[PDB]
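*Asks:* PDB entry and its sequence, pasted below:
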Amino acid sequence: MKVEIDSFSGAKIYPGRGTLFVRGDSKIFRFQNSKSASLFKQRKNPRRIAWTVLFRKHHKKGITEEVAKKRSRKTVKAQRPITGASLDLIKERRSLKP
Amino acid sequence: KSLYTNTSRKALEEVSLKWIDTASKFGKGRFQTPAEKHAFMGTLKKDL
Amino acid sequence: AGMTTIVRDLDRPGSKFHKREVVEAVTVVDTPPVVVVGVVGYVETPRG
Amino acid sequence: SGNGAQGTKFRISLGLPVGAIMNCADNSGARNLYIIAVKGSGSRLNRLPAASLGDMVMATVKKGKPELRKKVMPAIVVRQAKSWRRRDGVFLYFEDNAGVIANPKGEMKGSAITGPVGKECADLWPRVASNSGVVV
Amino acid sequence: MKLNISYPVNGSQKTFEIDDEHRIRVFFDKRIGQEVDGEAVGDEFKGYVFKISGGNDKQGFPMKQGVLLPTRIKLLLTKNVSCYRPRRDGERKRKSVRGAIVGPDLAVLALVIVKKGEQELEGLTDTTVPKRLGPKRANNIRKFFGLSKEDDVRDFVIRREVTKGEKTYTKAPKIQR
RNA sequence: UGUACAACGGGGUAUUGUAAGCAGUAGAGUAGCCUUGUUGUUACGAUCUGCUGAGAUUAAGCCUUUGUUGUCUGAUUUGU
RNA sequence: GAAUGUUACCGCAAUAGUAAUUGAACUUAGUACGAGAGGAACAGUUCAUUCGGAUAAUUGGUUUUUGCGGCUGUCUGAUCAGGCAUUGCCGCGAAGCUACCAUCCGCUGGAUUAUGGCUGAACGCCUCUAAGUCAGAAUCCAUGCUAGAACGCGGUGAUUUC
RNA sequence: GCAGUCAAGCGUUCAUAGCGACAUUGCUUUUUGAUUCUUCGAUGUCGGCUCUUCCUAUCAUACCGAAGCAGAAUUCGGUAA
RNA sequence: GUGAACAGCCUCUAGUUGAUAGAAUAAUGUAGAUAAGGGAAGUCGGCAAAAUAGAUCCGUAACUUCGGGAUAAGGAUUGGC
Ligand SMILES: O[C@H]1[C@H]2c3cc4c(cc3CN3CCC(=C[C@@H]1O)[C@H]23)OCO4
Ligand SMILES: [Mg+2]
Ligand SMILES: [Mg+2]
Ligand SMILES: [Mg+2]
Ligand SMILES: [Mg+2]
Ligand SMILES: [Mg+2]
Ligand SMILES: [Mg+2]
Ligand SMILES: [Mg+2]
Ligand SMILES: [Mg+2]
Ligand SMILES: [Mg+2]
Ligand SMILES: [Mg+2]
Ligand SMILES: [Mg+2]
Ligand SMILES: [Mg+2]
Ligand SMILES: [Mg+2]
Ligand SMILES: [Mg+2]
Ligand SMILES: [Mg+2]
Ligand SMILES: [Mg+2]
Ligand SMILES: [Mg+2]
Ligand SMILES: [Mg+2]
Ligand SMILES: [Mg+2]
Ligand SMILES: [Mg+2]
Ligand SMILES: [Mg+2]
Ligand SMILES: [Mg+2]
Ligand SMILES: [Mg+2]
Ligand SMILES: [Mg+2]
Ligand SMILES: [Mg+2]
Ligand SMILES: [Mg+2]
Ligand SMILES: [Mg+2]
Ligand SMILES: [Mg+2]
Ligand SMILES: [Mg+2]
Ligand SMILES: [Mg+2]
Ligand SMILES: [Mg+2]
Ligand SMILES: [Mg+2]
Ligand SMILES: [Mg+2]
Ligand SMILES: [Mg+2]
Ligand SMILES: [Mg+2]
Ligand SMILES: [Mg+2]
Ligand SMILES: [Mg+2]
Ligand SMILES: [Mg+2]
Ligand SMILES: [Mg+2]
Ligand SMILES: [Mg+2]
Ligand SMILES: [Mg+2]
Ligand SMILES: [Mg+2]
Ligand SMILES: [Mg+2]
Ligand SMILES: [Mg+2]
Ligand SMILES: [Mg+2]
Ligand SMILES: [Mg+2]
Ligand SMILES: [Mg+2]
Ligand SMILES: [Mg+2]
Ligand SMILES: [Mg+2]
Ligand SMILES: [Mg+2]
Ligand SMILES: [Mg+2]
Ligand SMILES: [Mg+2]
Ligand SMILES: [Mg+2]
Ligand SMILES: [Mg+2]
Ligand SMILES: [Mg+2]
Ligand SMILES: [Mg+2]
Ligand SMILES: [Mg+2]
Ligand SMILES: [Mg+2]
Ligand SMILES: [Mg+2]
Ligand SMILES: [Mg+2]
Ligand SMILES: [Mg+2]
């Protein structure tokens, strides 16, 4: 059971919900309801329609904390050396000096 | 209680739901739960 | 109470939709425990 | 349906009653198909027979090669535009009405199908399956 | 679906199989790069953090970082780009590609270990595979040992032994620069 | 005279598509005063942007309610 | 809807009505039969047609929600906010109503006809028939379903005092 | 218009599987005629649309008997509206 | 005022605010609208209804009494500032 999304507005289309439009070129357009569906038939441009995701994404509306930082990093430092070349005499010769 | 024991196949089938719709019936509902709606919408002028 | 929608797999060997999801409408009736307040005994008569 | 239709077909909303004209979406020479009958459909005072995805109709070619015109041949419906609903719950619809001319056994006259095809038709007739690109 | 896990500290790898929507479900709607806590996917991996690095759906098309979408598309690809190896100077081929968002269609999810949970995973933590090649350029030896332009490399180049049945040989690189 | 009832108010749910007001280095541009500009200044300018997925509407046969306010014996008739 | 004491609740069931229909595909099976050409059916399964009774989660239609937004002409000094144009026009539009345009559901016992039979005389033989009797149909009677006799009926509650 | 009896023929052979001459007995009242009984101080004197019900001399569907029924297909007949 | 306009629509002056009334909004109506997919299959017949429409530009067939046919047909455009 996949939830789909509205290819005009961007709303989740839970199952059996809204309509599905197979355009002449076989591009497919899932609507959640007759609103998106008519705007869409009306050659309306989702980027100019305030309540749409596509609008909001492009107008930077209330994203706020996604542009807020995070903490996802690591810390390793494990010697393996070089196969066939004694990974033994490769840390004792690795004593350095500076 | 049915007045006969149907064999049918159609009866006998042992269903088990995967998902029960729960979005509003008072409109073109988009959200199962307030939690879902809150998730997807972001934060509103009311709220916290 | 009303109706909602359901999603479940189908178990119907032979059908094109065997082992595929189907979506189906269901009704819901509110069903709080009934309470027993009496018994009544009937007899058979040639008038029924 | 009937002949050469291997498989069954779940009922799908009738969209093309007799007199409908669908785009001819093969490469046979025919540009359109004029529906004159629907195979395996029944009787009711004043009901017009009507075809849906994967139906066999009898048709004529109103606009096409002259060698295809003035005669009745079979055809198969491949795109609807009248919204129908699958058992997976979706109401879907093409952008045009479109079938392809076929013989009683359900073999295509031409060799490509131009445009998408409904799956419920692909499923139904093998040689239509072959000549397809995008199905559904 | 099959999980292809790497532990890039030992250079370990082993695949795992997971047949449980719930145990799987964790990775869904996750993109490439997002981190994933472990216990959800099994008890073996409790604590273990996984970075999602790619994978192939059934049909075997590969993911492509940053497409978003949990579907397939067909892109124009160029030189220096994933899921494409150009056959000819300035050639671009138009190829199908799978999205970078994990769905149930993936045959395999590619995963990297980033934090090692409370327990050891057999063919992974327990085994450690050595780095095939060693430093070959002048200053690189100097940095894989920290030597200062004083110490002379020629004796710090690495030496790989091998036998000719009854002749055991020795072959070091060829310090460039 | 009580998990009473009603009128409002609140909260949910829904419909539209971003209120009024204010602000702006947005705006094809335009006038006016001189101290004629090394952003000169004062305003005006369809429209745009921000506060603002805002504002409005939401049971009249939607859901709900620890708040507010009020209501809670008039009439007629019936017997083996 | 008056009157069978009043009133209330729960029931019975006389009589009357009654409903389901047809096709295909898979499979049987390239089988039985056939020199060949060709070429079935019962059981099983999946769908369909025509009909019927509902129902509105979904989709679609409807729009005075005159709900939100947009537009022309004018009128209120402007602004805000509105009026008028037999519902001014347009896009969306909840609720309701609604569509093989949408979804869901449509029962199983018996007795029989034709007909094929048993046993069996008439008529020492023979006969399904004369006595007696088995099997049997989209039939019929029930089961189920809808009314419920306003002059058919049962069980049960409470039955007025100024 | 519909259904019989006789059985000369037809059907390779074979009257009656399926048919059937010369004759002949009937039934029907969506044919057309014959009549002129009712209506001329008026019974709306084509067809279609809609919609109910009824007949059966049954086209389909249920179950049957028969065949010049190998199968498939068909034809004849019964119970059947 | 809009506009080509004595059109339609809204306004000033003047004049009306007369037309039994209340409550509901069943069927069937009269009058006003809309309808997915199909597009005359309806019907004697496209009856009814729908479509078209102003202006500016571009473009314009047969045939002809040379005057026409002609807004032929077919197209694009149109607000505000
Ligand atoms: O009424 C007369 C007939 C009649 C007379 C008419 C007329 C119509 C009729 C109708 N016919 C049916 C049987 C009838 C019997 C009578 O003779 C009627 O139109 C003008 O006069
Ligand atoms: Mg609509
Ligand atoms: Mg709607
Ligand atoms: Mg073509
Ligand atoms: Mg008709
Ligand atoms: Mg022509
Ligand atoms: Mg091929
Ligand atoms: Mg060098
Ligand atoms: Mg009150
Ligand atoms: Mg805003
Ligand atoms: Mg309050
Ligand atoms: Mg009484
Ligand atoms: Mg009395
Ligand atoms: Mg076979
Ligand atoms: Mg033979
Ligand atoms: Mg308005
Ligand atoms: Mg202002
Ligand atoms: Mg006025
Ligand atoms: Mg007027
Ligand atoms: Mg609706
Ligand atoms: Mg029906
Ligand atoms: Mg029943
Ligand atoms: Mg009986
Ligand atoms: Mg015997
Ligand atoms: Mg008998
Ligand atoms: Mg007898
Ligand atoms: Mg006898
Ligand atoms: Mg018996
Ligand atoms: Mg029956
Ligand atoms: Mg029963
Ligand atoms: Mg009674
Ligand atoms: Mg009683
Ligand atoms: Mg003779
Ligand atoms: Mg013979
Ligand atoms: Mg002879
Ligand atoms: Mg006749
Ligand atoms: Mg007369
Ligand atoms: Mg008279
Ligand atoms: Mg009369
Ligand atoms: Mg008359
Ligand atoms: Mg009778
Ligand atoms: Mg008969
Ligand atoms: Mg013979
Ligand atoms: Mg018989
Ligand atoms: Mg009948
Ligand atoms: Mg009868
Ligand atoms: Mg006067
Ligand atoms: Mg009057
Ligand atoms: Mg009145
Ligand atoms: Mg009402
Ligand atoms: Mg229409
Ligand atoms: Mg058309
Ligand atoms: Mg006609
Ligand atoms: Mg036409
Ligand atoms: Mg006709
Ligand atoms: Mg005519
Ligand atoms: Mg005619
Ligand atoms: Mg007309
Ligand atoms: Mg229109
Ligand atoms: Mg003219
Ligand atoms: Mg002309
Ligand atoms: Mg302009």
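*Replies:* Now that the structure is in, tell me what you want to look at. Numbers count the residues shown, from 1 in each chain, chains lettered A, B, ... in the order given. Ligands and ions are numbered 1, 2, ... in the order given.
*Asks:* C-alpha only now, for contacts and for neighbours.
*Replies:* Fine.
*Asks:* near chain C, which residues of chain D show up?
*Replies:* Contact residues (CA under 8 Å from any CA of the partner chain) of chain D with chain C: D:87, D:88, D:89.
*Asks:* tell me, how many residues neighbour the last one?
*Replies:* This means residue D:89. For residue D:89, the tally of surrounding residues (other CA atoms under 10 Å in any protein chain shown) stands at 19.
*Asks:* separation between the closest residue to it other than its chain neighbours and RNA strand F?
*Replies:* Once flanking residues are discounted, residue D:89 sits nearest to residue A:16: 4.5 Å by CA to CA, 6 or more residues apart in numbering or on different chains. Counting by CA to the nearest atom of the strand, to the nearest Å, the separation of residue A:16 from RNA strand F is 16 Å.
*Asks:* residue A:16 and residue D:92 touch, don't they?
*Replies:* No - counting by CA atoms under 8 Å, residue A:16 does not reach residue D:92; the two are 10.6 Å apart.
*Asks:* what about the residue in chain A that RNA strand F sits nearest to, which helix or strand?
*Replies:* Chain A approaches RNA strand F most closely through residue A:51 (3.7 Å), counting by CA to the nearest atom of the strand. Counting by DSSP states H and E, there is no helix or strand that carries residue A:51.
*Asks:* what is the burial count for it?
*Replies:* Neighbours around residue A:51, by other CA under 10 Å: 12.
*Asks:* cool, and residue D:44?
*Replies:* Count around residue D:44 with other CA under 10 Å applied: 7.
*Asks:* okay, it and chain E: tell me how far apart.
*Replies:* 47 Å (CA to the nearest CA, to the nearest Å).
*Asks:* for chain A, longest helix please?
*Replies:* Determined from DSSP state H, the single longest helix within chain A is helix A:34-41.
*Asks:* run through who's touching the very next helix or strand once past that one.
*Replies:* Moving toward the C-terminus from helix A:34-41, the next helix or strand (DSSP H and E) is helix A:53-58. Residues from elsewhere that reach helix A:53-58 (CA atoms under 8 Å, 6 or more residues apart in numbering or on different chains): A:9, A:10, A:11, A:46, A:47, A:48, A:49, A:50, A:62.
*Asks:* test my guess that the second one contacts residue A:52.
*Replies:* Yes - contact criterion CA under 8 Å: residue A:10 and residue A:52 qualify, at 6.6 Å.
*Asks:* near chain A, anything from stretch B:36-48?
*Replies:* Yes - Stretch B:36-48 comes into contact with chain A (CA under 8 Å from any CA), by way of B:42, B:43.
*Asks:* what about that stretch, near chain E?
*Replies:* No - Stretch B:36-48 is not in contact with chain E by CA under 8 Å from any CA; minimum separation 13.6 Å.
*Asks:* okay, how far is it across that stretch, tip to tip?
*Replies:* Distance between the two ends of stretch B:36-48: 17 Å, counting by CA to CA, to the nearest Å.
*Asks:* and for stretch E:25-37?
*Replies:* 13 Å.
*Asks:* buried set for that stretch?
*Replies:* If you call a residue buried by 16 or more other CA atoms under 10 Å in any protein chain shown, then stretch E:25-37 has these buried ones: E:27, E:30, E:31, E:32, E:33, E:35, E:36, E:37.
*Asks:* ok, back up a step: reformat the residues of chain D next to chain C as TSV; add secondary structure and distance to residue E:18.
*Replies:* As requested, the residues of chain D next to chain C are arranged in TSV below (DSSP: H, G, I helix; E, B strand; the rest coil; distance: CA to CA, whole Å):
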residue	secondary structure	distance to residue E:18
D:87	coil	30
D:88	coil	27
D:89	coil	30
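*Asks:* want to throw these into TSV with distance to RNA strand G?
*Replies:* Listed next are the residues of chain D next to chain C as TSV, based on distance: CA to the nearest atom of the strand, whole Å:
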residue	distance to RNA strand G
D:87	8
D:88	10
D:89	6
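*Asks:* specify which member of the residues you listed is nearest to ligand 8.
*Replies:* The closest of the residues of chain D next to chain C to ligand 8 turns out to be residue D:88 (CA to the ion; 66.6 Å).
*Asks:* show the contacting residues for the closest one.
*Replies:* Listed by CA under 8 Å, 6+ apart, the contact set of residue D:88 reads A:16, C:20, C:21, C:22, C:23.
*Asks:* the closest residue to residue D:59 other than its chain neighbours: which element?
*Replies:* Excluding the flanking residues, the one nearest residue D:59 by CA to CA, 6+ apart is residue D:35, at 4.5 Å. Assessed by DSSP H and E, residue D:35 sits inside strand D:32-38.
*Asks:* which other helices and strands contact that strand?
*Replies:* strand D:21-24, strand D:50-51, strand D:56-60 (3 or more CA pairs under 8 Å, 6 or more residues apart in numbering or on different chains; DSSP states H and E).
*Asks:* what's the closest of those to residue D:1?
*Replies:* strand D:56-60 (5.0 Å; CA to CA).
*Asks:* near RNA strand G, anything from that closest one?
*Replies:* No - in terms of CA under 7 Å from any atom of the strand, no part of strand D:56-60 sits within range of RNA strand G; the closest distance is 12.3 Å.
*Asks:* isn't residue B:30 up against residue A:15?
*Replies:* No - contact criterion CA under 8 Å: residue B:30 and residue A:15 do not qualify, at 10.9 Å.
*Asks:* higher neighbour count, these two?
*Replies:* More neighbours surround residue A:15 than the other of residue B:30 and residue A:15, with 21 against 18 (other CA under 10 Å).
*Asks:* coming back round to it: need the contacts of helix A:53-58 in JSON lines (columns: distance to residue C:40 and neighbour count).
*Replies:* What follows is these, written out as JSON lines (distance: CA to CA, whole Å; neighbours: other CA atoms under 10 Å in any protein chain shown):
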{"residue": "A:9", "distance to residue C:40": "62", "neighbour count": "25"}
{"residue": "A:10", "distance to residue C:40": "62", "neighbour count": "19"}
{"residue": "A:11", "distance to residue C:40": "58", "neighbour count": "19"}
{"residue": "A:46", "distance to residue C:40": "69", "neighbour count": "20"}
{"residue": "A:47", "distance to residue C:40": "71", "neighbour count": "17"}
{"residue": "A:48", "distance to residue C:40": "72", "neighbour count": "13"}
{"residue": "A:49", "distance to residue C:40": "68", "neighbour count": "15"}
{"residue": "A:50", "distance to residue C:40": "67", "neighbour count": "12"}
{"residue": "A:62", "distance to residue C:40": "68", "neighbour count": "13"}
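*Asks:* and these as JSON lines, adding distance to residue D:109?
*Replies:* Listed next are these as JSON lines, based on distance: CA to CA, whole Å:
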{"residue": "A:9", "distance to residue D:109": "43"}
{"residue": "A:10", "distance to residue D:109": "43"}
{"residue": "A:11", "distance to residue D:109": "44"}
{"residue": "A:46", "distance to residue D:109": "43"}
{"residue": "A:47", "distance to residue D:109": "46"}
{"residue": "A:48", "distance to residue D:109": "47"}
{"residue": "A:49", "distance to residue D:109": "47"}
{"residue": "A:50", "distance to residue D:109": "51"}
{"residue": "A:62", "distance to residue D:109": "58"}
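*Asks:* closest to RNA strand I among those?
*Replies:* residue A:48 (16.2 Å).
*Asks:* give me the nearest residue to the closest one, chain neighbours excluded.
*Replies:* Closest to residue A:48 by CA to CA, 6+ apart is residue A:55, at 6.2 Å.
*Asks:* what number of residues lie near the one you found?
*Replies:* Neighbours of residue A:55 (other CA under 10 Å): 18.
*Asks:* same question for residue E:107.
*Replies:* Neighbourhood size, residue E:107 [other CA under 10 Å]: 16.
*Asks:* hey, C-alpha coordinates of the helix or strand containing it in CSV?
*Replies:* Element membership for residue E:107 (DSSP H and E) is strand E:106-115. Extracted as CSV, the C-alpha positions of strand E:106-115 are listed here (Å, rounded to 0.1, in the frame of the first residue of the first chain):
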residue,chain,number,x,y,z
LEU,E,106,14.5,-2.0,-3.9
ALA,E,107,16.2,-5.4,-4.2
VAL,E,108,19.1,-4.2,-2.2
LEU,E,109,19.8,-1.2,0.1
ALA,E,110,23.4,-0.1,0.2
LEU,E,111,24.5,0.7,3.8
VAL,E,112,27.5,2.0,5.6
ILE,E,113,28.3,1.6,9.3
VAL,E,114,29.0,4.9,11.1
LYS,E,115,28.7,3.9,14.8
